[PDB]
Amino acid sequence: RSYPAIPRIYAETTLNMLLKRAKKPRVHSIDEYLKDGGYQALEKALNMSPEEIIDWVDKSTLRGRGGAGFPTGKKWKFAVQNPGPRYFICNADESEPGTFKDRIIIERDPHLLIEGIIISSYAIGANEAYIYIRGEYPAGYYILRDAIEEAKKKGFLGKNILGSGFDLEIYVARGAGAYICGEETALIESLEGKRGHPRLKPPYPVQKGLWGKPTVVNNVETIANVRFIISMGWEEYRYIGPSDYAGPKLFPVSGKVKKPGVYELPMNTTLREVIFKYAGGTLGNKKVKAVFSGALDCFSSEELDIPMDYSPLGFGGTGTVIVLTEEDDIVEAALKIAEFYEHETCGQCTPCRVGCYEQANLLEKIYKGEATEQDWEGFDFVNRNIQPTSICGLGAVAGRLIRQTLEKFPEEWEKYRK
């Protein structure tokens, strides 16, 4: 059938793994996927014990691609120490500013994700899996529903999959406008038909998740690696990139670069290389002023030689790269980040609820030149006091990037105060 219009995001790979098909901006259906050896990793996995699959995924060094970088195998191992039934959830909520890596897998190579979900589900003994996709990805939703039907018709889903005795259904759920539903516990609340309110952790979902049962939540990109780990083996997988932070990584690059798009690169690539070697440099060859790591971190032009890995001095996050150049007003950009958090706090925790609102309200006053001295002092205070009593990561980071701009670009902020 036809799907809603999608802009054709540029995609480029040096590894030819996650973007082997998704480098071309169109839906690759099951016959095309099968041609390339699609679903053969699944067939292999079904001839392995769950324990063995968990072991390979552990030894691969795969880490969560949804922002927290938790080791995937270890997560699975934790889930299976708890009595079943268990649930598997694919997190396709991708709503962080700058971040558009997951959609190109969903929309162009859905079977890569589906194959990974089935293997992952088998590994943890889940017979019921979910994809939670943000509501603003309607094409991805319809594409996934159709791909799941294709997989059923070829016997990769349903009961007694390929004679293995393993049963699996994959349900596709849709979000409805809340960034917070990407937080794994709020996602589960939404799957249970409620508001997206994060739960106090611990317990972690792997102990008590959907309907209080052991639940593994993994990001789309994380899951898209599973086929490769089974296909190649963990040893060969670990030979991709540097041996500590191994494997392909997707980098959604936007803002003031000549070639904005998604880049599949190893994690020893530097930030400078991402911008200048791969993304074609800056618009107008203007000087880089800052890189926003989505809405999380702000790196200065003195920090471009860092690796795009999960190391302490590395870029980290989700590899989201928003490039600002010399003429971009840092305070204007900070206001946009404040506005995001204002719009997305769920309001459960008081300092988060009040702090996200006040941070944006006062920063807007500052930007417009209408801030009193008290407003300035209040802004500083609030920025530093969003995190207390927070039960999820949003409250913990709502002031982080903005504080970094205050520290790294004092001269520009001072201009607004004077």
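Counting begins at 1, following the sequence as shown.
Mean CA B-factor, 160-168 versus 235-243: the higher value falls on 235-243. Set 406-414 against 5-13 and average the Cα temperature factors; 406-414 ends up higher.
Of all the options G294, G116, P252, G316, the entry's greatest CA B-factor is assigned to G316. Comparing the C-alpha B-factors of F78, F88, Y263, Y341 in the entry, the top value falls on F78. Among the modelled residues of its chain, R174 has a C-alpha B-factor that falls in the lowest third according to the deposited record. Ranked by Cα temperature factor within the chain, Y204 sits in the highest third according to the deposited record. Looking at the C-alpha B-factors along this chain, the one for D146 belongs to the middle third. When the modelled residues of the chain are ordered by C-alpha B-factor, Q359 sits in the lowest third.
Per the PDB record, residue ranking by Cα B-factor puts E192 in the middle third of the chain.
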